[PDB]
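Everything on this sheet refers to the single structure shown next.
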Amino acid sequence: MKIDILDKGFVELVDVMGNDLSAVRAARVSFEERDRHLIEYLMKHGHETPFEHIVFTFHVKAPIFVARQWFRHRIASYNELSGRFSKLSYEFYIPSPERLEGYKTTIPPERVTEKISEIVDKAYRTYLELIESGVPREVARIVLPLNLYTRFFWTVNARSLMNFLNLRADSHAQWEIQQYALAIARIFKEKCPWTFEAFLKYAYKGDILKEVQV
Amino acid sequence: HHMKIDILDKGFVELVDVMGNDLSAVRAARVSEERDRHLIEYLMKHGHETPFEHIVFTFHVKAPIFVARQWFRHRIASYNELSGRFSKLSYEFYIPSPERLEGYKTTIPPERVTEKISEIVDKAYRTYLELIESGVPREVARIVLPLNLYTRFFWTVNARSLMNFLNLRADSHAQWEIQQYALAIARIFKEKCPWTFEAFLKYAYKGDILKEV
Amino acid sequence: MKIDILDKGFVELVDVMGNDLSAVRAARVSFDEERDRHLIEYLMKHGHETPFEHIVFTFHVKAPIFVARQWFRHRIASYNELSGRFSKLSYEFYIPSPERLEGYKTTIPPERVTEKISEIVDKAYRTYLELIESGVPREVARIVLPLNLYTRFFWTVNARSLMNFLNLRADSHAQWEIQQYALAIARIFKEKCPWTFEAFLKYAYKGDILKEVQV
Amino acid sequence: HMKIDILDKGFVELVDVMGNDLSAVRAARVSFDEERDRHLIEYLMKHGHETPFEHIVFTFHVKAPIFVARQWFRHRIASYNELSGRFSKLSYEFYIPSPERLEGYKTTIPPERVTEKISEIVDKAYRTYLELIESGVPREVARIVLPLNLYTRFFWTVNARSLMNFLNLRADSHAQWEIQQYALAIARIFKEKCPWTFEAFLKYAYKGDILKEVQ
Ligand SMILES: Cc1cc2nc3c(=O)[nH]c(=O)nc-3n(C[C@H](O)[C@H](O)[C@H](O)COP(=O)(O)OP(=O)(O)OC[C@H]3O[C@@H](n4cnc5c(N)ncnc54)[C@H](O)[C@@H]3O)c2cc1C
Ligand SMILES: Cc1cc2nc3c(=O)[nH]c(=O)nc-3n(C[C@H](O)[C@H](O)[C@H](O)COP(=O)(O)OP(=O)(O)OC[C@H]3O[C@@H](n4cnc5c(N)ncnc54)[C@H](O)[C@@H]3O)c2cc1C
Ligand SMILES: Cc1cc2nc3c(=O)[nH]c(=O)nc-3n(C[C@H](O)[C@H](O)[C@H](O)COP(=O)(O)OP(=O)(O)OC[C@H]3O[C@@H](n4cnc5c(N)ncnc54)[C@H](O)[C@@H]3O)c2cc1C
Ligand SMILES: Cc1cc2nc3c(=O)[nH]c(=O)nc-3n(C[C@H](O)[C@H](O)[C@H](O)COP(=O)(O)OP(=O)(O)OC[C@H]3O[C@@H](n4cnc5c(N)ncnc54)[C@H](O)[C@@H]3O)c2cc1C
């Protein structure tokens, strides 16, 4: 399972422990219609702890400004590329003109896209000039813009994942992280369809997952 | 099939599920064999612990409440236990065997201690039944039950928190009863993550009993 | 601040870091009354919970072990409890009063239930003393003590986790015994953070008893 | 007012503190003599009894470059409130490494030219950003062109146990020089408020190097 996001980003499923029945087993402390009914009962009454026994590992490629928002979710495990020592692809998120639709801009949205590519090209060339002259990466990389792509592994249980979808798969969140949250919701739906449907029905406080088919 | 280890007279540690193995920590450390095992020893030696959070276990444990209270102090984990208010219980209790009192100079034989423990457990359980039969709700009636009453719980924990649990509980300073439970956790962990377990015993394990037993 | 709970229990305030303005400062990332109170209500109303993590409390609680086990399930907090292996204990037990069984149709009078609970507690405690006198270590001998034995612990918790605790424990679905302790926690919280507590009751509180019982 | 300047425009400022060394002593004993209290702090540190130190809490206000704040926010056992890149007003200040930061590195151009080239690209990125804002582009999109050395501000609420884990990892020569400077300031404030815990930490638990080399 791999879903492309933005111009060069992605959300990829690395591993998963369990499925809907893992929450049923934990709720009953015991190793179809009755099991699905139990998932809905747990969700309808705020019994969230059984859902902590379903765990996912994702491999995400996202711009640093999106990764900073994501890393605010503390109840999860992260391993990211080192800005000091890792090899980077040096790819950057260049918003398409349609990203500025709805905004009354003084210049055409095409010019915004061009100006963004222009400054990232200059910052990247300056960075290369510093590396070529012997400056270590940990110092030279500080000139790189916030739209630089990074990669990380994210291990998260279904309860914390559902909190993430409540907050990020919502119109109040930045459009870029909304797109990533839609991909997380899609993989979550594929692996835990009963929990996902129950979540949308009773616990989900956001808006876009009840408007967009994932 | 899955690992199951019996502990004490009626307890057990059972493996329900596991996500990953040693290579899950290697994949997370690289964000992407002698070289893979060498990377595990390197992460362990230099204290790079976060990759080990990408290996997760789910156990089903049956333990006396006094042991479970010690276990539930490990907050970086997920728990689901039988409800003392609403769950049906087996009403089993941990009766220490006479050998548990070896080394202690007791005025009565250790066999009599075992008998006195079974005796008070029987009286508390019969009093409890008398209260339930007369309409007292379980959430009130169960408060007379002794601390050696067996409970059951699911424990979902990553390898990093599990290794912290072994440092603290698989050690002679911890109570003998929880040491037995920690040996079973260490055993299942070794079976699923042999490279991480060996690296842990070699460079990070602070206790004593895992290097003796 | 000390509030008695049950027959021998208590909730006592040991220390507190901050007040309502600590959440205001954190929300604005900056070190008047109506504007500050309006901000507390805005953050509460829209689910901006992280600012409330910058208000912290330390309580000293004396509660029966069955109550303490429910409390220790709240992992986003710090605990230090008396050791069952090595601490000196008071050997006090929670004996429910007859009024605790009101509403239940019992075969025997509620007074007899209270008596039977004191009776088995006394026998378990005497058996425990007989084991200690004969050389059995406390870590083994104490396993015969009932779940209503009182323990003591220090609880350090931030206002966000404390509000989650009130949502779950200051509610009629929770056991009556932990509800009484949650009312005392809500009371001390109200005294120290009156704006946050009022905003909490108005917009984020999911329970029922804090909107029924005067605190 | 404890405030320590870090780098060219950064700082670590103490906002509030709950407790001191005696807060860990009270939690260890579960109870609400100088030599005996200091001896207990050393005993807890020596034998790895860490939970009592969770009852001492600090709140800091930090101004650090985003590349440093990202390293700091990896410490999950803490509370954070940062300026919003989408909606907050910013000072638009950037960390320009001084020539001495490149000492020890054999560079093809003088270290002064590296500093100049960094200021140069920072100025161009900032001017491009202003051109986008002036033309109606929202800040959440326009700001993505700003470099990683842009200063941000955040409130950090952390207990002494997590703070000591942070010092173990960041107040060490293996960590990036920039975050070590911030960790030294955190250690100084910690030492001022909890001198017994800090000394005990340095004697028995600290695994880094620089806090045993720098006073
Ligand atoms: C639209 C939007 C705007 C935002 N704007 C800002 C902003 O301007 N500035 C900013 O700093 N942040 C901002 N955030 C980030 C936000 O404050 C949270 O950090 C983020 O959403 C993670 O939420 P969380 O704490 O619930 O998640 P996690 O950290 O994963 O926590 C999950 C749950 O665990 C519990 N929890 C975890 N740790 C603690 C703790 N230490 N204390 C108490 N309970 C805890 C809580 O119940 C929490 O819901 C914004 C988020 C969104 C969605
Ligand atoms: C021999 C022995 C005797 C003990 N005696 C007592 C006793 O008398 N009284 C008593 O109350 N307890 C006692 N304990 C329990 C002990 O204090 C811990 O509560 C328990 O071992 C869990 O340890 P932990 O905090 O490392 O684990 P977890 O709670 O799982 O935490 C794991 C790790 O996460 C971090 N952590 C998690 N939450 C926080 C937080 N809020 N702040 C900072 N860091 C955090 C720390 O790095 C910690 O090591 C005893 C334990 C042992 C082994
Ligand atoms: C009426 C009632 C009945 C209950 N019955 C039972 C029962 O029968 N059996 C039983 O075992 N328990 C039972 N519980 C306990 C319950 O499951 C919780 O353990 C307890 O209420 C603590 O809530 P919490 O997990 O939100 O609190 P905390 O553990 O303090 O967590 C606070 C917040 O942090 C987050 N969180 C913390 N750790 C994690 C994690 N590892 N993964 C994801 N998110 C995390 C969540 O957002 C959570 O809301 C009962 C509770 C109530 C109120
Ligand atoms: C020199 C150096 C280089 C680094 N390089 C990289 C890098 O290349 N890439 C990268 O991604 N990170 C890197 N890191 C960051 C590192 O992996 C940690 O994220 C960071 O040090 C935070 O430490 P912590 O996890 O112990 O802290 P916290 O998250 O504050 O945790 C405190 C303690 O709580 C416990 N804990 C908290 N949450 C959990 C959990 N979910 N499961 C288990 N235990 C838990 C642990 O005992 C931990 O020590 C680097 C750090 C250093 C110092």
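First residue shown is number 1, and so on along the chain.
For this deposited structure, the header notes the method as X-ray crystallography, 2.2 Å.
Even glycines carry a Cβ here, placed using N, Cα and C.
Counting only same-chain residues six or more apart in sequence, the Cβ atoms lying under 8 angstroms from the Cβ of D:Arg170 (active site, involved in ionization of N3 of dUMP, leading to its activation) belong to D:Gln71, D:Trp72, D:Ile179, D:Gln180, D:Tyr182, D:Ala183, D:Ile186. What Swiss-Prot records for D:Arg170 is active site, involved in ionization of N3 of dUMP, leading to its activation.
The feature FAD binding site is assigned by Swiss-Prot to D:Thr51, D:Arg74, D:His75, D:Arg76, D:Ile77, D:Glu82, D:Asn159, D:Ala160, D:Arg161, D:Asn165. Counting every protein chain shown, the number of other Cβ atoms lying within 10 Å of the Cβ of D:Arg161 (FAD binding site) is 19. According to DSSP, D:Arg161 (FAD binding site) is assigned to a helical segment.
Summarising the annotation, Swiss-Prot assigns dUMP binding site to D:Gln71, D:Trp72, D:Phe73, D:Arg74, D:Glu82, D:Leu83, D:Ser84, D:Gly85, D:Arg86, D:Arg143, D:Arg170 and lists experimental evidence as the type of evidence. Using a 10 Å radius centred on the Cβ of D:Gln71 (dUMP binding site) and all shown protein chains, the other Cβ atoms total 20.
The feature motif 'ThyX motif' is assigned by Swiss-Prot to D:74-84, with sequence analysis given as support.
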D:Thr51 (FAD binding site): tally of other CB atoms within 10 A of its CB: 19
For D:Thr51 (FAD binding site) and D:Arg86 (dUMP binding site), the CA-to-CA distance in whole Å is 38
Taking the Cα atoms as reference points, how far is D:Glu82 (dUMP binding site) from D:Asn159 (FAD binding site) in Å? 18
DSSP secondary structure for D:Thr51 (FAD binding site), reduced to helix/strand/coil, please. helix
Between the Cα atoms of D:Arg161 (FAD binding site) and D:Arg86 (dUMP binding site), what distance do you get, rounded to the nearest Å? 33
Residue counts (helix, strand, coil, in that order) that DSSP gives for the motif 'ThyX motif' (D:74-84): 0 helix, 4 strand, 7 coil
Between D:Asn159 (FAD binding site) and D:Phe73 (dUMP binding site), the C-alpha gap once rounded to whole angstrom: 15
So 5 residues are not built between D:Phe32 and D:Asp33. What's the Cα distance between them in Å? 14
Interface-proximal binding-site residues, chain A, C-beta separation under 8 A, candidates D:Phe73, D:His75, D:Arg86: D:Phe73, D:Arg86
